[PDB]
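What follows is a single chain, given as structure tokens, in the form deposited in one PDB entry.
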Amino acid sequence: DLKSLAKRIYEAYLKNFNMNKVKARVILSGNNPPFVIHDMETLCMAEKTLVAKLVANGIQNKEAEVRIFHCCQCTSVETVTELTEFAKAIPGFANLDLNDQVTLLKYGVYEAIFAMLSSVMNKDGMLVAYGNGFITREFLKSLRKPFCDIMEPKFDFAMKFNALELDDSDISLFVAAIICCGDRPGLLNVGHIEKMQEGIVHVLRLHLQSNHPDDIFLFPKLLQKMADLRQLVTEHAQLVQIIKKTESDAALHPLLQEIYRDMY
């Protein structure tokens, strides 16, 4: 039954996420290839084609850094939607109380977002806009503070995560395991969530043993990556709060504001 469950998780991940690691590698390796954004000129060209509405305001357009942060937030919002539908494939998740489903998604979504962002990152940049742009790591580092500090730690996480050479069948179960953490603040039925976690982690452990016979420590490596992601998200929320306090034009999407609210 456990091999079947791993396959059901994988198929739900292929169905629910617009981007997966195979589809990202096809693009990253060179009809509508991605537009390369490496400087302000190419950012502005890409925006005029790919997010025309955001730059249709003339002198009232926001600063480039704010537009970029807005685009990242739109990606997070879309990924929340995808993750919410994916979670239904996890045994036991849809049987939880509605409020526990909300709590698990609230704390898990950004950990999952940053885990999956690795699939669209290489050491030089990241795919954006449904695979139609590639923005360079150096260009993001060149932005004015604090905005140059947003993505770089996510690239740092991703380069080491990508060196584990996981595939989509692994990542789907890793994302399911992120969502099933029984220690999230405020859960009502911890016991049932712990059992749900145990089940998915069991599926993950057996799958990794099969799919990665060459790396006997891959399971504990991934347990550590889950802890690293929790710390990455805590730090990310702190930076977002700095932006909220000091950057009046950098409007936070209400869905994301709610996710952040009372989180850490």
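Shifts are known only where both forms have a C-alpha. Only the largest set of C-alpha atoms that superpose within 1.5 Å between the two forms is called the rigid core. So that there is no doubt, residue numbering starts at 1 and follows the sequence shown.
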**Unmodelled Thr49 in at least one third of other entries with both flanks present** = no
**Request:** Compare the other PDB entries of this protein and indicate whether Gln238 is left unmodelled in at least a third of them.
**Result:** no
**Interval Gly30-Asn31, deposited residues with no coordinates in the entry (none, 1 to 3, 4 to 9, 10 or more)** = 1 to 3
**Request:** Output the stretch having the higher mean C-alpha B factor in the entry; the candidates are 117 to 125 and 179 to 187.
**Result:** 179 to 187
**Message:** Going by the mean C-alpha B-factor recorded in the entry, which is higher: 56 to 64 or 191 to 199?
**Reply:** 56 to 64
**Largest Cα B-factor, entry values, listed residues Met226, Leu43, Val26, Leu218** = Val26
**Item:** For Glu78, the third of its chain into which the C-alpha B factor falls
**Value:** middle
**Item:** Third of chain Cα B-factors occupied by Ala89
**Value:** highest
**Request:** Rank-wise, by C-alpha B-factor, drop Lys48 into the lowest, middle or highest third of its chain.
**Result:** highest
**Message:** What third of the chain does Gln241 rank in for C-alpha temperature factor, lowest, middle or highest?
**Reply:** middle
**Asked** If you rank the chain by CA B-factor, which third does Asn99 end up in: lowest, middle or highest?
**Response** highest
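Just so you know, the form solved in complex with a partner chain exists too; it's not on screen, but the next bit is about it.
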**Item:** Proximity of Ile259 to the partner chain in the entry with it bound, heavy atoms at 4.5 Å
**Value:** yes
**Message:** Although the partner isn't part of this model, could you tell me whether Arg144 comes within 4.5 Å of the partner chain in the entry with it bound, counting any heavy atom of the residue?
**Reply:** no
**Message:** Quick check on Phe114: any heavy atom within 4.5 Å of the partner chain in the entry with it bound?
**Reply:** no
**Prompt:** Quick one: does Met126 come within 4.5 Å of the partner chain in the entry with it bound, counting heavy atoms only?
**Reply:** no
**Message:** If the cut-off is 4.5 angstroms on heavy atoms, which of these, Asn162, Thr84, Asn189, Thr136, is the one near the partner chain in the entry with it bound?
**Reply:** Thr84
**Message:** Can you pick out, from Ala177, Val80, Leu166, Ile193, the residue that has a heavy atom within 4.5 Å of the partner chain in the entry with it bound?
**Reply:** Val80
**Item:** Check all three, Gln241, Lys244 and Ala251, heavy atom within 4.5 Å of the partner chain in the entry with it bound
**Value:** no
**Request:** Go through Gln60, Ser210, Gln238, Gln224 and flag the only one whose CA is off by 2 Å or more between the shown form and the other one, rigid core held fixed.
**Result:** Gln60
**Prompt:** Looking only at residues in both forms, which consecutive runs of at least three have C-alphas displaced 2 Å or more between the shown form and the other one after fitting the rigid core?
**Reply:** 57 to 61
